[PDB]
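These notes concern the structure reproduced below.
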Amino acid sequence: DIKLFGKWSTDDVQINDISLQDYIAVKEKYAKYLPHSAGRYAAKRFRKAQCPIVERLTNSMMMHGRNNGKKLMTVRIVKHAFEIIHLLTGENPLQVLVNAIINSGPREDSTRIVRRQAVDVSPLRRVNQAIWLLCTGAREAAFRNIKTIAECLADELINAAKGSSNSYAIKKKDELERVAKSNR
Amino acid sequence: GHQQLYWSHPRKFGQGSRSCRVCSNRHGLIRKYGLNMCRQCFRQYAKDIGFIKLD
Amino acid sequence: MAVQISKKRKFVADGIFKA
Amino acid sequence: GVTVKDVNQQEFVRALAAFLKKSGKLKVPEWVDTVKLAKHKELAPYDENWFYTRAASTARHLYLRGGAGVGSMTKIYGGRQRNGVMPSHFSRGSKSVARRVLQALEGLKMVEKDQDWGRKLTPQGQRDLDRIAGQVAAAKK
Amino acid sequence: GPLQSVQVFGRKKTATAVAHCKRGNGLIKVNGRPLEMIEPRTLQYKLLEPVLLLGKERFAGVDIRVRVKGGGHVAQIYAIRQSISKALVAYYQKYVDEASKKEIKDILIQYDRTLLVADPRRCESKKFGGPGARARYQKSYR
Amino acid sequence: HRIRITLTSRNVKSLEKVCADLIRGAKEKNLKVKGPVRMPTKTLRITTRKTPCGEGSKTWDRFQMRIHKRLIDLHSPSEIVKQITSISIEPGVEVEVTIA
Amino acid sequence: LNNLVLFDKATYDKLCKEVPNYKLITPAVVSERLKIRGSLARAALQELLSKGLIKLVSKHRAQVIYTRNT
Amino acid sequence: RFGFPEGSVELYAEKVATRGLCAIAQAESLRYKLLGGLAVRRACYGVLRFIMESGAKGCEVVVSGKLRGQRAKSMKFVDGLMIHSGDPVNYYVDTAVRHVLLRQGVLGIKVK
Amino acid sequence: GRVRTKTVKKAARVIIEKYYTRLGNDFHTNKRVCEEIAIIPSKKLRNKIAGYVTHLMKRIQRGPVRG
Amino acid sequence: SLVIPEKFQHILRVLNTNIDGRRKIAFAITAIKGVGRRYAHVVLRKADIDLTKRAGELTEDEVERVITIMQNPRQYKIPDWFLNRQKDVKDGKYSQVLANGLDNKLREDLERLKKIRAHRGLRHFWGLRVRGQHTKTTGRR
RNA sequence: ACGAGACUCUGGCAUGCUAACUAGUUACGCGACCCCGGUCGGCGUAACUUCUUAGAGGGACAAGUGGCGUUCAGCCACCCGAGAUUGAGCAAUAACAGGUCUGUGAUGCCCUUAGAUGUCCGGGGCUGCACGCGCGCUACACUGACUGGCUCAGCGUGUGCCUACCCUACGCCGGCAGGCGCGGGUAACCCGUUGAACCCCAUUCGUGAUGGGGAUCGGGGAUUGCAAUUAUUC
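Next comes the structure, spelled out in structure tokens:
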């Protein structure tokens with residue numbers, strides 16, 4: 016039968032990047048009705064990868080202390096965000112999320128192997149870093165602002181998927197890759 | 002009189018009323034389940050009372 | 001017993017006697 | 003045929019609150035204007051006619067479970083006492099406003115003080131509750 | 005007619021939910037209120053998932069009363085999610101062929117394992133020297 | 018005639034041996050017996066500091082004392098129970114016979 | 043933010059003109075782009091639905107989301 | 076003392092069979108040997124030799140306190156199999172601790 | 002860290018060495034062999050021994066074992 | 002209806018205190034020292050006033066009604082348990098005391114405790130914590 | 001050989017076993033309400049033990065499969081499965097100039113021993129504040145605060161030896177803190193189906209030290225106690 020949140024039917028969405036295709040779990044098998052589930056995705060190592068990215072986003076939203084274990088409250092934020100994304104863009108909000116996760120992941124980053137040499141990233145690292153960056157964008161954007169979380173989360177996902185560099189996520193991603201080129 | 006002053010200050014409540022039933026001292030009292038027995042005494046006699054360390 | 005002590009207190013009182 | 007439990011409970015109290023308004027024979031106190039609804043509230047209830055609303059809420063709380071006295075009502079209408087700088091704790095509601103609400107619903111033959119203590123909800127009440135449950139069940143279509 | 009009742013439970017935490025699969029028409033409700041108004045409404049679809057994945061036609065011949073107590077809001081939702089699922093699988097074991105029960109177990113397990121298997125996770129015990137299980141009180145040097 | 022024996026003990030195997038002897042004592046004499054009801058065992062708990070002073074790392078001992086309650090109902094005359102309950106008890110168990 | 047509390051003639055005429063041509067109508071959007079307080083913007087969008095100009099998508103305790111018709 | 080009625084408490088005084096495997100019997104034995112005026116080393120070997128010949132699997136006799144001067148010294152007398160950890164330490168090893176007042180201080184006796 | 006201790010292996014070797022012909026390759030049958038031909042006070046240790054017994058029986062099927 | 006009306010008073014001067022017309026009335030009167038959120042709400046409840054209006058909108062004959070009920074709360078049935086000076090030391094009257102009066106009555110309360118040379122008044126005189134705090138580690142200006 | 005592991009307790013599994021008016025469910029009857037059915041922790045009795053309690057057993061072993069590895073110990077992945085490292089308790093030899101003489105009718109020596117360092121009574125002190133440090137609680141908000149509404153726990157404890165001092169339903173008075181009656185429970189029986197908070201839903205608010213924050217300080221009212229001032233607490 017037919018899926019997501021009521022109204023954002025999964026298959027439709029293309030994952031453009033064949034590199035992140037495996038670890039952006041959105042389609043066909045991971046089509047579930049909520050961003051909520053029992054869990055066990057952080058028991059074994061890569062079990063994280065087989066978690067639906069909308070649940071990953073929901074989990075990574077509840078941060079800066081006061082929100083910890085208010086999942087239903089960020090299930091709601093992502094619901095209202097997907098409303099705003101569809102109305103403001105006119106695309107399938109899942110497609111906008113997937114495009115953002117692709118464009119927001121830093122493709123190589125510096126590390127301490134001195135003056136810290138540059139290395140490559142895991143595709144899972146990119147997904148983890150992408151989700152962190154655009155959530156940390158949404159969280160910072162909304163703080164001491166009349167704009168809400170669902171609006172800031174929507175606008176971050178749009179401007180990231182769009183490829184704007186006006187987003188927090190794309191500016192920090194460009195900034196990591198720029199430091200990585202600066203020591204390769 | 003002296004008998005009107007000797008024990009006339011109340012001993013009805015507070016840790017100046019109840020005392021250990023071994024040590025006779027006024028500190029670290031286990032009042033729970035009417036032990037009325039200071040924490041070092043209980044830790045000595047636990048085995049003899051029926052209290053056992055399992056978990 | 002006429003005062004009728006609690007079973008929690010009774011088994012502890014039985015231990016204190018043995019001690 | 004429907005009952006109150008089949009109906010959404012959120013809009014049910016607002017509909018019962020409007021039923022007690024239109025009926026208009028609860029004998030509300032005078033201090034309703036001045037009273038704060040618990041010891042853990044900061045401000046007066048925002049809705050001026052709260053007494054009808056909590057009467058409605060008490061009514062359907064008595065329907066769901068019987069034999070609830072004043073102390074029980076203070077328990078169900080309790081929350082956080084935000085103790086300023088000290089950590090917040092559970093705090094019971096007002097004993098008086100629960101006692102008056104029950105006495106209002108007892109005056110108007112809707113509840114009846116039950117054997118072995120507490121008020122249950124009289125069959126005339128159970129009727130009125132289920133009649134407006136039908137109204138709300140019909141309204142939501 | 006005769007008794008075709010199966011009483012099967014589901015735990016997802018310290019919340020035990022027991023569902024009661026009698027013969028009849030398609031009414032599914034929990035402590036006497038139907039699934040469409042069990043709060044939070046945020047997890048509305050979580051109760052409908054066994055009803056959605058199988059369809060109303062599976063629950064046409066069966067009516068399910070669910071008693072729930074223990075745990076909290078989300079635990080009770082996952083408890084009843086597991087109960088009505090396992091209870092229908094238990095009804096279709098005994099009172100029809102195992103072919104239908106096999107077919108339905110497959111469709112449920114393929115979607116989410118937790119529909120028919122209880123999560124053994126329980127709240128781990130606090131230890132002294134910290135506010136909880138693993139976390140310790142702040143060590144002070146100098 | 019409805020006589021209610023309350024077996025409360027610290028040890029289980031001594032309490033299970035006593036309640037097993039009182040089922041054999043009720044089956045051999047052929048009087049109708051409601052089975053031994055396992056009551057919820059009560060864990061009496063004391064958590065003290067180990068240190069008699071205050072000057073170590075704050076270690077705690079956690080003294081449990083489990084008390085197990087059974088109870089058995091008999092459909093027996095009074096003097097028959099007086100004979101049964103007086104035979105073969107072991108000092109761990111506390112036995113309280115309720116007449117009515 | 044030196045916002046307005048109730049509407050002018052200008053800002054009321056600006057709202058009644060421009061708001062029903064937005065693909066995203068939230069009180070936060072209205073209360074940024076018309077230099078007004080959130081409460082005034084929520085009251086304004088209640089009247090614009092009352093007169094039947096803006097489409098409701100999802101109302102919530104936290105955030106209401108409206109849009110435009112055609 | 077305990078408020079028992081008239082003759083509703085009656086005492087017996089039975090005999091310890093194989094008293095070499097009773098811990099507090101060999102603790103008080105060692106206690107009254109030292110207090111009697113016997114030397115520490117001879118007493119401890121004397122107890123340890125008896126409880127071994129009594130048929131005990133293993134034994135550990137510690138005597139702590141002020142020996143042969145001002146400084147305190149723990150003389151430990153071990154032989155045979157002795158366990159320390161796990162649940163079996165409850166129902167295999169029999170431990171006893173006793174004080175003894177010498178004219179210089181207090182010695183402590185552990186018979187395990 | 003599922004390394005068998007000396008108490009498991011010594012027991013498991015002696016159990017094969019003296020009662021070879023009673024054993025097989027199935028865990029659950031020679032679990033009940035170990036129950037009969039030895040007095041093991043633990044259930045966990047019984048399983049550990051039965052488990053390593055079966056491992057050594059698979060090794061003996063391949064070729065001769067050093068111990 | 003949601004447009005700025007005529008004579009919409011931005012800066013009101015009630016008891017020589019600048020009330021913000023931009024605020025809601027129940028939270029604009031609070032600007033006056035001696036009236037808090039809980040008092041203001043009950044004052045505006047006693048007078049039949051819609052308290053969903055801003056403090057700029059409402060009529061100057063009606064704000065004079067608000068002042069008269071703040072100044073004389075007893076005569077419009079506000080209880081004695083509700084006032085910031087209950088059972089006064091010099092006149093023995095239950096009265097709400099407002100901004101310029103409150104600053105006068107605080108000065109008088111400290112000056113009363115001062116002249117009698119009481120431990121409380123002495124701690125005020127020395128600029129220390131008076132309600133029985135520990136001054137070892139806090140009060141640290 | 002001790003220590004590790006084994007062991008003990010505990011978490012997770014049993015529609016198999018043993019049983020229950022101080023625990024339930026399901027049927028049936030009765031009674032209430034809605035238009036045959038639905039609701040009922042309204043009332044009672046007939047089976048059963050899924051739910052509940054706690055006993056005996058079982059169950060998991062790197063056991064099965066594929067890889068890696070002296071092809072040894074073992075390791076990685078996967079199936080089946082309630083678990084494919086539950087969490088604690090216990091704890092070796094040999095130590096420390098670690099802490100405790102203010103835990104003890106454990107104690108050596110020393111001091112004091114009637115103008116007492118014994119002991120009781122009264123008051124004060126342990127809280128005293130330019131300051132420096134440590135564990136914390138509350139915050140800085142709109143992932144929020146306020147006001148209503150809605151709906152879910154699990155450990156426990158509870159009327160005493162001397163010993164006074166228990167946990168409390170329910171009914172009236174009071175805004176509240178609280179008061180006065182009468183009940184139940186020495187407890188799976190009563191509080192209690194522990195109607196907990198967060199969370200959930202609907203109002204008010206609007207980026208302003210703001211309805212954030214609730215320090216400080218004035219006035220009043222109750223409770224515990226022989227006594228609250230240096231504000232006991234509320």
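Protein chains in written order, with full-length UniProt numbering: chain A, 16 to 128, 134 to 204; chain B, 2 to 56; chain C, 1 to 19; chain D, 3 to 143; chain E, 5 to 146; chain F, 18 to 117; chain G, 43 to 112; chain H, 76 to 187; chain I, 2 to 68; chain J, 2 to 142. Every residue, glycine too, gets a C-beta built ideally from N, C-alpha and C.
Taking CB distances under 8 Å as the criterion, tell me whether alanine 40 of chain D reaches chain J.
no
Limits of the unbroken alpha helix (DSSP H) element including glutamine 114 of chain E:
102–115
CB contact below 8 Å: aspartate 132 of chain D versus chain E
no
Since I believe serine 96 of chain D is in contact with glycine 80 of chain D (beta carbons under 8 Å), could you give me their beta-carbon distance rounded to a whole number of angstroms?
In fact, because the Cβ distance is near 10 Å, the residues do not count as touching under 8 Å.
Check the Cβ of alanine 70 of chain G against every Cβ in chain J and list those closer than 7 Å, keeping chain order.
Chain J residues near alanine 70 of chain G: none, gap ~17 Å exceeds 7 Å.
Which residues does DSSP pair with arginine 173 of chain H in a beta bridge?
H:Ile184
Alpha carbon of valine 136 of chain H to alpha carbon of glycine 95 of chain H, nearest angstrom:
13 Å
What do you get for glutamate 98 of chain A, buried or exposed, if any count of 16 or more other CB atoms within 10 angstroms of its CB means buried?
buried
Quick check: what's the CA-CA separation for residue 3 of chain E versus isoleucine 68 of chain E?
The structure shown does not extend to residue 3 of chain E, since chain E is modelled only from 5 to 146, so the question has no answer here.
Please confirm if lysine 143 of chain D has its CB atom under 8 Å from at least one CB of chain E.
no
Just to confirm the assignment, what range does the beta strand (DSSP E) spanning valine 54 of chain F have?
50–55
State whether the stretch 81–98 of chain F contacts the stretch 113–130 of chain E, with contact taken as three or more CB pairs (one from each stretch) at a distance under 8 Å.
no
Per DSSP, cross-strand counterpart(s) of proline 38 of chain E
E:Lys33
For chain E, is any of its Cβ atoms less than 8 Å away from the one on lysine 122 of chain D?
no
By the DSSP assignment, the beta strand (DSSP E) with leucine 24 of chain F in it spans what residues?
19–26
Listed in chain order, which residues of the stretch 108–138 of chain E have Cβ atoms closer than 8 Å to some Cβ of chain F?
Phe132 and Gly133
Bridge partners of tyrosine 49 of chain E, per DSSP?
Answer is none; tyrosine 49 of chain E lacks a bridge partner.
Reducing DSSP to helix, strand and coil, say where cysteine 21 of chain B ends up.
coil
Can you tell me which residues form a DSSP beta bridge with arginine 66 of chain J?
Answer is none; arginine 66 of chain J lacks a bridge partner.
Span of the beta strand (DSSP E), counted from its first residue to its last, around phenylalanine 11 of chain C
Element bounds for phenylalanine 11 of chain C: not the beta strand (DSSP E) but the alpha helix (DSSP H), 7–18.
Boundaries (first-last residue) of the beta strand (DSSP E) holding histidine 24 of chain E:
19–27
Touch check for the stretch 53–64 of chain E and the stretch 19–31 of chain D: three-plus C-beta pairs under 8 Å?
no
Could you work out which residue in D:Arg82, D:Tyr65, D:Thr5 and D:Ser90 is closest to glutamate 114 of chain D when comparing CA atoms only?
D:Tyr65
Go ahead and pull the three-state DSSP assignment for residue 191 of chain D.
The question about residue 191 of chain D has no answer, for chain D in this structure spans 3 to 143.
On the premise that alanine 64 of chain A lies in contact with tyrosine 38 of chain A, defined as a C-beta separation below 8 Å, what is that separation, rounded to the nearest angstrom?
5 Å
Below 8 Å between beta carbons: does that hold for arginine 122 of chain A and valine 141 of chain A?
yes
Going by DSSP in three states, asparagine 165 of chain H sits in which element: helix, strand or coil?
helix
Report all residues from its chain with a CB closer than 7 Å to the CB of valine 99 of chain G; omit the five preceding and five following residues, and keep chain order.
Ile107, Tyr108 and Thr109
When F:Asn28, F:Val112 and F:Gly73 are compared against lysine 59 of chain F, the one with the closest alpha-carbon:
F:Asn28
Within chain F, the residues that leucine 55 of chain B reaches when beta carbons sit closer than 8 Å
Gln81
Boundaries of the alpha helix (DSSP H) in which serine 87 of chain E is found, first to last residue
77–98
Looking at the C-beta of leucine 51 of chain E, does it have a partner C-beta in chain A at a distance below 8 Å?
no
Which of the residues in the stretch 91–102 of chain A, read from start to end, lie with their CB under 7 Å from any CB of chain G?
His95, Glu98, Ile99 and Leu102
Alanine 85 of chain G versus chain A: which residues are under 8 Å apart at the beta carbon?
Per Cβ cutoff of 8 Å: no residues; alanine 85 of chain G is ~15 Å from chain A at best.
At a Cβ threshold of 8 Å, is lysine 75 of chain F touching chain E?
yes
With distances taken between CB atoms, is the gap from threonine 55 of chain D to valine 99 of chain D smaller than 8 Å?
no
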